[PDB]
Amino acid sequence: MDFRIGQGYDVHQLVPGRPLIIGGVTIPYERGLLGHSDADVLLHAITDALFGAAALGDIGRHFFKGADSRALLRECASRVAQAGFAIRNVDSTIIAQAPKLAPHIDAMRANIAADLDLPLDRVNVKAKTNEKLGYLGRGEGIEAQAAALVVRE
């Protein structure tokens, strides 16, 4: 029936004396992500993908003072539903030279799935290095990409 797709992008700088929080998971590391919120690059990209699929604009059009990125993802889900859409699936990729994200991925999926009220099998998170190329390759920031499918019920 009335399916729509959305895509999302984010990047934040890695800076000293900040926690690294990705997909709502705190990952031990000497740097963390810089942003007005908690700088959760993965959650921001997915949020942008969901708004894009519902044609609701973007994260900066909607947004909460001191709200963490999970609260913002939950509010995104609310606004998507308000517009008449159900979320069908989310897929994503984190690009980080370091640290190793592998043992944290299923926790990020579980977080996203709880926040969006989706079963686990409709949420995916992937990881890639940047083969030491560019600012990502030098560990100067972390990027996330996201894709979402929604349907107007």
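Just count from 1 along the sequence shown to find any residue number.
The entry shows a gap from residue 63 to residue 64, with 4 to 9 unmodelled residues of the deposited sequence in between. Looking at 121-129 and 100-108 together, the entry lists the larger mean B-factor for 100-108, computed on C-alpha atoms. The mean Cα B-factor in the deposited entry runs higher for 132-140 than for the other of 132-140 and 7-15. Within the group 92, 37, 47, 89, the record's highest C-alpha temperature factor is found at 37. Placement of the Cα temperature factor of residue 51 within the chain: lowest third of the modelled residues, per the deposited record. In the PDB entry, a CA B factor belonging to the highest third of its chain's modelled residues is recorded for residue 1. When the modelled residues of the chain are ordered by C-alpha B-factor, residue 114 sits in the middle third.
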